[PDB]
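Given next, in structure tokens, is a single chain: the form deposited in one PDB entry.
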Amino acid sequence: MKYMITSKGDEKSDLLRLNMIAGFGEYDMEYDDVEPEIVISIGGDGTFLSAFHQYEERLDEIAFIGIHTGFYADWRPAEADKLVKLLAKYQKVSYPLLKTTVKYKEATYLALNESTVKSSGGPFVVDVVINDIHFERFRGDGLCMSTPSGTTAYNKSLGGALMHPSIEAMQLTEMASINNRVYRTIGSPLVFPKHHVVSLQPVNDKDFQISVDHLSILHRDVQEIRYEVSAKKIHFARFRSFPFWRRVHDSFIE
């Protein structure tokens, strides 16, 4: 098949990439970083994140594989040759994604971990509207909308719940909300199903720091930020069983 390999950039990842390419040359495998059918990421979760966004316009035609030299990298470097033979002769598991829409022309972004909004300096104030219904006025440091696979990332440090990636949903968590006689927020994290639209609408300041996974851009003259579960999904190539809860156990428990 058409494949490609991205590298973290250090010595260990660059050379593991060159050796896997050599082993692929002994099979009917064709290296192509323009229309690959397999995208292999060698490095960390940040490296895998970059590979996903590099090919986010052909997600429905690509299967991702991660090698940590990680959550999205569930393959050890010493198992590379077995991964070569396994890939040459698999099942695809799909994780949900988050669609972020920023209105001012409209701009849309796709997220594998989460998308967060913070102030451009000063207090962060937005009205939270759930399906055209005003739910709360948030005043604090920011908000974070996470995918299921992203719940073990930023969402976890903010007190969010960890949810299995088979659940097509998104989770919204708060960043240091003020709560007194005049300001009131739900405080608890919120989990939204598909087709539920969460709209963040500015009150006074219209400039916000908007992040999508590892990217963070200052957005000027913002009118609306819409969050919803994307119809697009990321596809993983799975050769062996590695349950999500076991991956959670190995990363945080023991």
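By rigid core we mean the largest C-alpha set that fits within 1.5 Å across both forms. From 1 onward, residues are counted along the sequence shown.
According to the entry, the stretch of the deposited sequence that connects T69 to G70 contains 1 to 3 residues lacking coordinates, which leaves a short gap in the model. In this entry, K89 is separated from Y90 by 1 to 3 residues of the deposited sequence that have no coordinates. Look at the C-alpha B-factors of 3-11 and of 244-252. On average they run higher in 3-11. Of the two segments, 202-210 and 225-233, the one listed with the higher mean B-factor is 202-210 (C-alpha atoms only). Across the options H164, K105, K99, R184, the residue with the most elevated CA B-factor in the record is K105. Across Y154, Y95, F138, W75, the entry's maximum B-factor at the CA atom is seen for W75. Compared with the other modelled residues of the chain, the Cα B-factor recorded for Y27 ranks in the highest third. Among all modelled residues in this chain, the alpha-carbon of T116 has a temperature factor (C-alpha) in the lowest third. When all modelled residues of the chain are sorted by CA temperature factor, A51 is found within the lowest third. Ranked within its chain, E174 lands in the lowest third, by CA B factor from the PDB record. Among all modelled residues in this chain, the alpha-carbon of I65 has a temperature factor (C-alpha) in the middle third.
In what follows, reference is made to the form deposited in another entry, a form of this protein that is not presented.
If you fit the rigid core between this form and the one not shown, you'll see the Cα of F135 move by less than 2 angstroms. Superposed on the core, the two forms differ at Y183: its CA moves 2 Å or more between this form and the one not shown.
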